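Within every chain, numbering begins at 1; the chains are lettered A, B, ... in the order of the sequence lines, protein sequences first and strands thereafter. These values consider heavy atoms only, across backbone and side chains, with no hydrogens, waters or symmetry-generated copies.
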Protein chains: 4
Amino acid sequence: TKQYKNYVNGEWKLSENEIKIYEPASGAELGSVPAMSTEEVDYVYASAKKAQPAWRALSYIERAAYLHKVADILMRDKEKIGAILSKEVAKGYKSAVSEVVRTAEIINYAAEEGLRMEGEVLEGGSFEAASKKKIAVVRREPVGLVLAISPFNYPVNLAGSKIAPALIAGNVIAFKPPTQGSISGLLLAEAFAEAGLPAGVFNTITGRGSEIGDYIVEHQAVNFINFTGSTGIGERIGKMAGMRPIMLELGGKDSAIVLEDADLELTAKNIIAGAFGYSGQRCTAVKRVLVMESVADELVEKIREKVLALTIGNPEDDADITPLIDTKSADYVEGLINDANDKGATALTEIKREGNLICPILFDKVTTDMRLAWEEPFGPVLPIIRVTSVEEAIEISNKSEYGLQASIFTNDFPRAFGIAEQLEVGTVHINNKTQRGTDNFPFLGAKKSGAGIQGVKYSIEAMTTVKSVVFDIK
Amino acid sequence: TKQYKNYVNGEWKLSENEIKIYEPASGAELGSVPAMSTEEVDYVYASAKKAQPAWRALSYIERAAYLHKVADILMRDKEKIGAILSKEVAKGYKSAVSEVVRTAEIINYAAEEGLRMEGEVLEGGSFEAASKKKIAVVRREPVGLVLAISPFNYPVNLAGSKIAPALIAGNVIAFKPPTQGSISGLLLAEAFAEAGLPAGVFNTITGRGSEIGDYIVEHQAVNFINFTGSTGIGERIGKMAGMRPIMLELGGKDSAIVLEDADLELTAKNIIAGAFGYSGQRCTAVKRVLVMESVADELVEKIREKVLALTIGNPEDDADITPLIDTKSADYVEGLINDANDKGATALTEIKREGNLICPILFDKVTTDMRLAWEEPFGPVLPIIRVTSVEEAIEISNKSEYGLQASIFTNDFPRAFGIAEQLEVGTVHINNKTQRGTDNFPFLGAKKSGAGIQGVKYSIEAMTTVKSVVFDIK
Amino acid sequence: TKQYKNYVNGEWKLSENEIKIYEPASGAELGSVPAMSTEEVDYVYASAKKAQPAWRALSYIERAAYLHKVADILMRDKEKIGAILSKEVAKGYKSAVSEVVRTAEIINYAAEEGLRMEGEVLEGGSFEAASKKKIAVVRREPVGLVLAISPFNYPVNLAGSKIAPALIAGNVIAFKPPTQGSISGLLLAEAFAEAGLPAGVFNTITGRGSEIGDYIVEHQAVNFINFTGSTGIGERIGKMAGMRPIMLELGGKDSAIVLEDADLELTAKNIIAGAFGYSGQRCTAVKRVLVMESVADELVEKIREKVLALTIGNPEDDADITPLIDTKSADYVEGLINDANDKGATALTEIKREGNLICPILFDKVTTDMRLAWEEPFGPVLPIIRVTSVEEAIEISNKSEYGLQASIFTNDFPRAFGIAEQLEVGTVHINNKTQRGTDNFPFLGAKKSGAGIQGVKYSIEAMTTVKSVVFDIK
Amino acid sequence: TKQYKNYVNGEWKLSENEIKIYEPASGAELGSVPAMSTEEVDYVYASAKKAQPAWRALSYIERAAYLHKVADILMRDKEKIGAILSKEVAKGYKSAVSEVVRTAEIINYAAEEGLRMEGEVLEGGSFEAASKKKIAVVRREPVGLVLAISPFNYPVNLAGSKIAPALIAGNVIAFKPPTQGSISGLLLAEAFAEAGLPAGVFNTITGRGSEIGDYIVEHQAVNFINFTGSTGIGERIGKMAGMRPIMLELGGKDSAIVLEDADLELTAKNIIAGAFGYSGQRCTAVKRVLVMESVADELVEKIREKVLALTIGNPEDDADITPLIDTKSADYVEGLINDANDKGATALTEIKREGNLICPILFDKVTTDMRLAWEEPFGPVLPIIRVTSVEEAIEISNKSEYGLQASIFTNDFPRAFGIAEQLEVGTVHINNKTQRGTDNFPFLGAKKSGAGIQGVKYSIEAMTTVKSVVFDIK
């Protein structure tokens, strides 16, 4: 079909071999992306390295100007990009357009945030009297070449969240979108190409993991690896990074702790939106409800009728529950469903699969003995775990190897804050479903959920180092 | 029989096996330290993890109080600790006492800095109108268990630089001093024991690398590795750490760029001080002079004479040049000296070695094909490299795999700042020798020199994470 | 008599005339303080201005060391100083000792905060491309001579809160304690004298307002006026200061808003402590309760019995309620009491006065027509105003000319924050009485309550200015 | 003729009386502005007070969007506004258009700077162990109604520097342009009207000082006074403000210190540009040269030749030297000239006045006895004061009642920094003429030059207060 090309050193390049991409919801051929060689990756890196000095030499306002233009182009082509993105990752069309819009928003915000990254002046006299004439002028500097790897669920948005912060600070980029999402990633590249950023500043890489997977990370040209994906690959990247800085956004199994004094209707609505969005294919999402026994029956019934209201179908029809990314993912989800059922869990909503389209399932009576209580499904299945104390909810919650976010539903805020402190997660939302939401806020995880702090200002400081110049006055 | 003990969970413990430590200069037996088994390391970690919650539960001021007490004790016992330190690593007595004082200074400063790590409140309305009532209360939290490993050249100072910043924030510690320097590390431990920190908060580990080296780092109880040592072991740690946070301070080959308008006497004075301090056994130290040809002859003559004025002898005599840490090191340094001489470099001092005491030597006309132009000696040998332009000096300086610090001797400050920007190092001192000096300043190194930003405040930030609590205002 | 002396330019000086000071609770002569002339004030100012450059020239750590020494001395002498303070301002004995401890805490904290006031480096390229090589090195500097004036209720504590932050930054001090409290102020001066600060750095001023009141403020030598006192005196200082920087802490009429979902026992306990501490002679203290009608009867009954539990008597007996500072104050408070009584307010405690000792009294059914609803009594009298909605409570609270702090008692935090945003005050405490509490927190008041932001870091920032050095990099 | 109207509460309003404005260079009538009454001022303030809560209730991004729109309109009409601005204040056309561009720049920057308003979270445990569960959530709030008063020399630019920072934070504005510059001010008002900001958020006031001068400042509805103008008027506002926060930008007598090692040609060019810009009608401008005797003759000759190259004439011809603002201004300048001449000063360039057009004059041999050595002329007259030491230069410089900025021309940077620390000014430029330059940098003056710190972020911080909410975690 349409043969897409990689953007390398200001030029569009096809490769000798290609990878055909198909729509998860229909199997229809979407087009093809290049299957790059290691030699081709070498060229991308060499081009970026050559271009970095001149890019860093520009003023901050000039780099922000380029980024603003990119965002403007995305807004202009949001329908065009959204249409393909919707088809490529089986995401509802309007939701796909939303991803592009949020990408433009983050890119603009990072542009303005990045030009406000001030330095500091330190006094020697603060530490020792003899060094009172000694001052340190410390300023921020880019790390060099940043390798950005986006995920299939947010191939464009979670690409811009890494790209914009890196670029504003003077770093150059090598963007590797997920294969299932590479066409959308190359469409994102078109915006950078049209914006006119100097050749070599922004480049893209597409190909098979077996061929270039480790190669792109182990390459000595790369000064920083910013990745969103599976924990297994994140672990491997950490090792391959060696001593080089990294940022990892891995899995999540966000717990929603529900106390006896919680607004059950508000809780139920939040749990529904958080758990079933994009068919549960989101890292930050309610994946387990730890509810006090006395209010469990009532909450569960409220959630059951709300699950029945969810639409199920195709991405072009903006259905709440769309087909999962692939067959293997759907099979994995079933294994979890089977395990729970076999161990005694109660499916309160119909268990049905058509192709890779699994209907939303509410599982009550879920125990810690079930895989569903621990493993991230990335499917439309929600387990309810009944607890008898806040202490139990906290131990169950913390036992997870994941620690992205948590939700606390209660009307006792001081208590909510105390519980929040004990929870091994990056962010705790009080009376609200978990969310990366409001991109200026920090986004991070504890334990196996990741490494490094995201959020615009934080991602900016992460991909920058400092240069200290010390001298004596008089 | 002067068998030192590890401090584990509030108690002093011997091990089945011991490691006898000898004075590098006289060969005299100083005593022995425990050769811990893998199971004993397990207990240390179990003890720390068990006590971490209660330690974090204390107020910041209480943790600072404990730290100030440790500093007071170190100051009180500076002569006694310095006496043993001097003998253990063949460091001049006065310099050994100074290391203890600086350790007390860093501990006190970290205690107070850590009390002031303010949190931040973010507005949802800054990014999205619909989220104007949503705010994020972001506060710092400890990472858990920090594994601190100090170097032979500063077993106490570069132990406290890790321990204090970690402790003030709510982290617990497992301290691994270098084997040659473990007695001194255990002396530091005594101060922590006398200060009365809760059992398990501060613990020590001693043993053979062949038995516990990898084990202490690969242990999943460890949440952070803070290390100062060889680049080879540093690389290994990066891999073994996985995706866990690390701080690494590895080698250096600091260049002293001398321009035509430099104050030659001042430049000579600084070069000598920096190059030969502790017989060149310092990471931050002038290890190569890149001098403009026109002033080369004059500078070299000054340095030549100053080298011959350096005192050579024993630690108890406060000699500038003392015996190197061990035989293997002296063999290595002598090999470097011979390589330069055999290759035709102009030796300006006799080549002389007695035991592991290598007399200071200056080499002029050092070329890029000579090992001394690149390898970190950790010995009293200084290469002079003549350049034709600042352009050339910058190229040679940046060619090194090391990038700790650099010195620039010139009276043209605007141009000095311009050169600093291009130099791939952490800190650039103008008209002063390189130095970690004034511990509130950032201490870091580009390329293979390390990972992470040191200096008191930066160390605290590095060993802490963030917890964000988000809620809507009504 | 026991004649005290002023500390001026490193020497203790008596004046031609003096002022005899008597104990408010007994009438016994406590001693005398100098009644300075305008020429003696000129010398004090001349001495400080002369010593300022050398004081500014010292390192930050040196100035911090001097301050730590002062705090150490105050801690040693807390009982000796507190005993006289207790007698001088009729404050409970143990409470007076607590004030000296708090002063030492403030001094120590300010010393450590002030050595960490980092500077910043700004980039011209953030604003315009043509200025990308232009940077601004911005560092803090002292304002010069600071005139610190403490209040009668905290002559030592509210002296240290101004003196320490000013001194650490490099400013010199002229300390004017209140006449009734001048002996205690001079005792504080002894600690500074023993600490050994350079002559002229710290000086005291004592005398009659009719002779030097306006003179000390109008003097051109003074660069900053930091005052705590009556709203009237504060109002004229703002005028007399011209365009010179000032800090004013004036009266308050803190409201405690009690909602229907409040924990009444906790509310009653806090209101009692806040309203009656030091017989109501505190700027930050609950001075009016705005309670929802539904819970009014129960709350009032609780507060009623708790007032009857308050100890009444002499300062030496640690009574909760001690005699007021003077006759004029007691007459004023008795007039406010009679106004409420004659107008029909429900007195829930007997009206009694012995000497200048007014017994604690609670008034319910207080209307806006009564003086007690608006005027700051600085006496042990608490009005209860019944409201029918939080809207009404907010209207009433904001109607006051005062806006220092406010308390909100409720279990609905989101709503509490929303109400806080509408209240015209500096600080809002949720489920706790108002308080200057933990001096690291900001302390400020809207409207007639003052000007400037206090609390340690804020006080330092306020008494310092900025110096920006701009240069181009080559 | 062209009758201009004030923008009041979303409406354009004319007054019963009017003030006709004439061009300073031609005497030709440009039009008229309303001569407001105290009652009309009352309405404007009432309007803004009513609209403030709703303006404050909007999200930060919404307020930034309004500001960006204003900036875009300004850029669109930069030639139209610049045309009138040029004639109204006798400023060269291109310079007038340039003023408009900088205004849109400051507004855009303030919008994005303010958008990033974040508070802080403080720990009670940092100060007291007993308060470890107590935290302070500190957030910024607007002060309310800001009275912005711009100067004749920058009626639009120095209106926007006050307006945008105020508006982004949620404050409402009352804009009082200078009578001679009110038409241009009302033209700026058109952009705010077209951008569609809510009625009452932005309002304008014009009229006679004898009628509304003091009224506008004394008014109780005003919460902050931001003014740029004469020192005398500033002193008046300082008193009239009482305890209310203000920002004052007053006179300047910027000294240019020239050392023996200065690049004389660069120095001369800078002095010429800074001293003669807008015929010397700038606060931040080289107003006195303190040059070392040894290089004085050479520098003076260079400056003399460059003065003769300056153009003299009409605004529409972009002349460097244009007629002064009014007759009294020109009379004052002539008085300063006479004094210097009568006292022995040497006029190296022709003394000539036609109308209010005074040709550029270079005065050599100027002494401290002459008025021209101290008073701000606001005319094209530059005095050279020869010194024999840096010590004398600093003394002469600091003796001034003004302390806005200063320039140091020397190649010895460490010394330059040491001198900078000694100079009583807000900003020191090394080897560059003084300038408010890059509005992100702080702009402030010492002594009689003003009050408060300007520069975008600083201006935003000044017109905002803080609201602290304190609670204990359970």
Side-chain angles (χ1 to χ4, degrees), chain A residues 113 161 165 226 245-250 252 254 283-284 398 402-406 408 416-430 434-464, chain B residues 52 56 60 113-124 126-127 134-144 146 165-166 168-171 223-224 243-247 452-453 457-471, chain D residues 116 118-123 125-126 135-138 473:
Chain A
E113 183 71 37
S161 63
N226 202 151
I246 66 181
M247 184 106 57
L248 307 166
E249 301 190 325
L250 285 13
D254 298 355
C283 298
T284 305
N398 285 343
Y402 299 109
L404 194 34
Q405 296 190 3
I408 306 184
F417 252 89
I419 295 167
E421 294 188 320
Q422 295 182 75
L423 295 179
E424 296 163 352
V425 298
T427 300
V428 173
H429 292 267
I430 304 182
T434 51
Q435 55 164 59
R436 180 175 189 133
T438 284
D439 302 301
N440 53 308
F441 288 175
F443 177 68
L444 73 168
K447 298 178 283 196
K448 301 298 192 175
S449 286
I453 303 182
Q454 222 93 200
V456 178
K457 56 182 283 188
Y458 313 97
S459 67
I460 290 179
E461 67 179 3
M463 294 178 277
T464 55
Chain B
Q52 198 273 335
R56 172 195 173 194
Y60 278 95
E113 187 73 41
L115 298 180
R116 298 160 174 92
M117 305 301 284
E118 299 180 4
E120 55 196 348
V121 188
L122 308 184
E123 306 281 331
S126 295
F127 195 93
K134 188 178 299 298
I135 66 175
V137 177
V138 193
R139 299 196 297 138
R140 305 195 92 79
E141 285 190 1
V143 292
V146 173
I168 188 55
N171 298 288
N223 303 114
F224 193 105
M243 36 185 244
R244 289 176 291 170
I246 60 179
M247 179 83 86
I453 307 169
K457 64 176 292 185
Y458 316 97
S459 289
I460 301 169
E461 296 183 6
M463 294 178 273
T464 49
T465 189
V466 138
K467 175 69 66 66
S468 179
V469 179
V470 181
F471 69 96
Chain D
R116 294 168 171 78
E118 52 176 74
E120 53 186 60
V121 192
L122 311 189
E123 311 273 339
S126 288
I135 66 165
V137 176
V138 194
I473 296 169

Next on the checklist: Quick one: does any side-chain atom of B:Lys134 pair with a main-chain N or O of B:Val470 as donor and acceptor, under 3.5 Å?
Outcome noted: no

Item to check | Heavy-atom side-chain proximity of B:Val137 to B:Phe471 below 4.5 angstrom | outcome: yes

Next on the checklist: Would you say that B:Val138 contacts D:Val121 through its side chain, given a criterion of any heavy-atom pair below 4.5 Å between the two side chains?
Outcome noted: no

Checklist outcome for this item: Note: B:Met247 and B:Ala462 closest approach over all heavy atoms is CE-CB, 3.6 Å

Checklist entry - So, do A:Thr434 and A:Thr427 sit near enough that their side-chain heavy atoms are less than 4.5 Å apart? => result no

Next on the checklist: Test your reading of the model: is there a side-chain donor-acceptor pair from A:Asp254 to the backbone of A:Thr284, 3.5 Å cut-off?
Outcome noted: no

Checklist entry - Got a second to check how far A:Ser449's OG is from B:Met243's CE, nearest 0.5 Å? => result 8.0 Å

Item to check | Test log, rule side-chain contact (heavy atoms from CB on, under 4.5 Å), inputs B:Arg139 and D:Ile135 | outcome: CA-CA 10 Å; B:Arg139 299 196 297 138; D:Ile135 66 165; 3.9 Å; yes

Checklist entry - Between B:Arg140 and B:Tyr60, which heavy-atom pair has the shortest distance, and what is it? => result O-OH, 3.8 Å

Checklist entry - Is any side-chain heavy atom of A:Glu421 closer than 4.5 Å to a side-chain heavy atom of D:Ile473? => result yes

Checklist outcome for this item: CZ of A:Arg436 to CG of A:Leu404, rounded to nearest 0.5 Å, is 9.0 Å

Item to check | Chi angles and distances behind the side-chain contact (heavy atoms from CB on, under 4.5 Å) call for B:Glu118, D:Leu122 | outcome: CA-CA 6 Å; B:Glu118 299 180 4; D:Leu122 311 189; 3.8 Å; yes

Next on the checklist: For the CD1 atom of A:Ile460 and the CD atom of A:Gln454, what is their distance to the nearest 0.5 Å?
Outcome noted: 11.0 Å

Checklist entry - Where is the tightest heavy-atom contact between A:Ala420 and B:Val469, given as atom of each residue plus distance? => result CB-CG2, 4.0 Å

Checklist entry - Which value, rounded to the nearest 0.5 Å, describes the distance between B:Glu461 atom CD and A:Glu461 atom CD? => result 7.5 Å

Checklist outcome for this item: Distance col, row A:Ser459:OG vs A:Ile453:CD1, nearest 0.5 angstrom, shows 11.0 Å

Next on the checklist: Quick one: does any side-chain atom of B:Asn171 pair with a main-chain N or O of B:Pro142 as donor and acceptor, under 3.5 Å?
Outcome noted: no

Mind listing the side-chain donor-acceptor pairs of residues 437-447 of chain A below 3.5 Å, one per line with the distance, residues two or more places apart or on another chain?
unit_1	atom_1	unit_2	atom_2	d
A:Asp439	OD1	A:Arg102	NH2	2.9
A:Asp439	OD2	A:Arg102	NE	3.0
A:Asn440	ND2	B:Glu123	O	3.1
A:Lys447	NZ	A:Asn398	O	2.7
A:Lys447	NZ	A:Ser400	O	2.7
A:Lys447	NZ	A:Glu424	OE1	2.9

Checklist entry - Does some side-chain heavy atom of A:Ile408 sit less than 4.5 Å from a side-chain heavy atom of A:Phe417? => result no

Checklist entry - Can you tell me if B:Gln52 uses its side chain to pair, donor with acceptor, with the backbone of B:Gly170 under 3.5 Å? => result yes

Checklist entry - Are any side-chain N or O atoms of B:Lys457 and backbone N or O atoms of B:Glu113, one a donor and one an acceptor, separated by less than 3.5 Å? => result no

Checklist entry - Got a second to check how far B:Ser468's OG is from A:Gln405's CD, nearest 0.5 Å? => result 8.0 Å

